[PDB]
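Just one chain is shown here, as structure tokens, and it is the form solved without the partner chain.
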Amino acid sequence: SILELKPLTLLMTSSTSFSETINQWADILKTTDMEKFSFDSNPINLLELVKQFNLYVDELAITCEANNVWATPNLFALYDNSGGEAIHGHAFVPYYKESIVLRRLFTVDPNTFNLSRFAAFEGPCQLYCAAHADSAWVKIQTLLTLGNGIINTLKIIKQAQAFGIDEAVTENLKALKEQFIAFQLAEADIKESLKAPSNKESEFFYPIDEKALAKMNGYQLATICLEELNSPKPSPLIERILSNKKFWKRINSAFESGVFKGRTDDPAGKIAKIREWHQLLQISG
């Protein structure tokens, strides 16, 4: 009777958040003898996982901000070698709040083949990590990296099963279990750094003094403008920039270079908006 067991499965119906999901799945694999079972990955819904994971990334970013970790430019300013050039629609801006970099770096985007990328920060973040092994950021990165990896291990398992490749499913189940244990460990390590808890111009950038703003090239000034339009209302930062004539030629030239058309947040709509605001503000200073 019970002697002939049905395939083990991991479901999502009991959970709605990413941490819970991984928790349920970890308790199941930790509590199963990895020799007696056959697996069935079909019920795993990767789109739902990613939806949960992305909400998880967002929430983490919110908490890090509220609890004021990252406690003047950001942690990555010192490791920029781009020379202000634009990569994939963004130029490195040393005043990006690291919670924003966190959201861009670790959010899984279907547009970019389900990869999580922030090209202009990949270099500086790698250098920073190598130089601050025990930092809060590295614990955040370890965490979200394991999360990302869990998602990809599940894709590998699902593809292997569709192709009828059995060994590729069982070795990855062990890897999957190890990743669960690592994820939960990283999660516990972060709960400590969040510890206890407790910007006018912008939600996305630290304060930029007039000296530092003037040093910016067009690509940088433009990514700032493009970013500020993510606020529901016109921010003091973008008004400061578009109000001052000395910035316009740089910015508009960056726009004309075409370097922002790959963006997926409606660059055309935004550039039209920004140009319109510029016209508005240059009627009478």
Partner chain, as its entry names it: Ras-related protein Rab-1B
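Positions refer to the first chain, counted from 1. For the two forms, the rigid core is made up of the largest set of C-alpha atoms that agree within 1.5 Å on superposition.
Chemist: Are residue 198 and residue 199 truly consecutive in the deposited sequence, or are residues between them missing coordinates? Give the number as none, 1 to 3, 4 to 9, or 10 or more.
Modeler: Unresolved stretch here: 4 to 9 residues.
Chemist: I'd like to know the size of any gap between residue 71 and residue 72, counted in deposited residues with no coordinates: none, 1 to 3, 4 to 9, or 10 or more.
Modeler: Per the record, 4 to 9 deposited residues are absent between residue 71 and residue 72.
Chemist: Using only C-alpha atoms and the B-factors in the entry, which stretch averages higher, 223-231 or 36-44?
Modeler: Higher mean C-alpha B-factor in the PDB entry: 36-44.
Chemist: If you take the mean CA temperature factor per stretch, which one wins between 180-188 and 165-173?
Modeler: According to the entry, 165-173 carries the higher average C-alpha B-factor.
Chemist: Highest Cα B-factor in the deposition, which of 27, 65, 239, 58?
Modeler: Answer for 27, 65, 239, 58: 65, with the highest C-alpha B-factor.
Chemist: Based on the PDB record, which member of 122, 203, 98, 80 exhibits the highest Cα temperature factor?
Modeler: That would be 80, according to the entry.
Chemist: By the record's CA B-factor, is residue 147 among the lowest, middle or highest third of residues in the chain?
Modeler: Ranked within chain, residue 147 CA B lands in the lowest tercile.
Chemist: If you rank the chain by CA B-factor, which third does residue 159 end up in: lowest, middle or highest?
Modeler: Residue 159: CA B-factor falls in the lowest third of its chain.
Chemist: Sorting by Cα B-factor within the chain, modelled residues only, which third would residue 12 end up in: lowest, middle or highest?
Modeler: Highest third of the chain for residue 12's C-alpha B-factor.
Chemist: Lowest, middle or highest third: which one holds residue 86 when the chain's residues are ordered by CA B-factor from the entry?
Modeler: Highest third.
Chemist: Please say which third, lowest, middle or highest, residue 263 falls into when its CA temperature factor is compared across its chain.
Modeler: Top third by C-alpha B-factor.
Although not depicted, the form deposited with the partner chain bound is the subject of the following passage.
Chemist: I'd like to know whether residue 148 contacts the partner chain in the deposited bound form, with contact meaning heavy atoms within 4.5 angstroms.
Modeler: Residue 148 belongs to the contact set for the partner chain.
Chemist: Does at least one non-hydrogen atom of residue 78 fall within 4.5 angstroms of the partner chain in the deposited bound form?
Modeler: Taking the distances in the deposited bound form, the answer for residue 78 is no, it never comes within 4.5 Å of the partner chain.
Chemist: If we define contact as a non-hydrogen atom of the residue within 4.5 angstroms of the partner, is residue 184 a contact of the partner chain in the deposited bound form?
Modeler: Looking in the deposited bound form, residue contacts with the partner chain do not include residue 184, since no heavy atom lies within 4.5 Å.
Chemist: Does the 4.5 Å heavy atom contact test between residue 115 and the partner chain in the deposited bound form come out positive?
Modeler: Contact check for residue 115: yes, within 4.5 Å of the partner chain in the deposited bound form.
Chemist: Which among 91-99, 210-218, 119-127, 187-195 is in contact with the partner chain in the deposited bound form, heavy atoms within 4.5 angstroms?
Modeler: Selected range: 119-127.
Chemist: Out of 259, 69, 29, 44, which one falls within 4.5 Å of the partner chain in the deposited bound form, going by heavy atoms?
Modeler: When the partner chain is considered in the deposited bound form, the option within 4.5 Å is 259.
Chemist: For the core superposition between the shown form and the other one, please identify the residue among 154, 125, 143, 105 whose CA shift reaches 2 Å or more.
Modeler: Everything else stays below 2 Å; the exception is 154.
Chemist: Does residue 175 move appreciably between the shown form and the other one, meaning a CA displacement of 2 Å or more on the superposed rigid core?
Modeler: Yes; residue 175 is a residue whose C-alpha shifts (by 2 Å or more) between the shown form and the other one when the cores are overlaid.
Chemist: Rigid core fitted, is the C-alpha displacement of residue 164 between the shown form and the other one 2 Å or more?
Modeler: The answer is yes, as the C-alpha of residue 164 shifts between the shown form and the other one by 2 Å or more after core alignment.
Chemist: Rigid core superposed, CA of residue 238 - does it shift 2 Å or more between the shown form and the other one?
Modeler: No, the C-alpha position differs by under 2 Å between the shown form and the other one.
Chemist: Flagged pair residue 60/residue 113: C-alpha distance shifts by 3 angstroms or more in the deposited bound form. Which direction, closer or farther?
Modeler: Result: closer.
Chemist: Considering a change of 3 Å or more, are the Cα atoms of residue 113 and residue 56 closer or farther in the deposited bound form than here?
Modeler: Those two alpha carbons end up closer in the deposited bound form.
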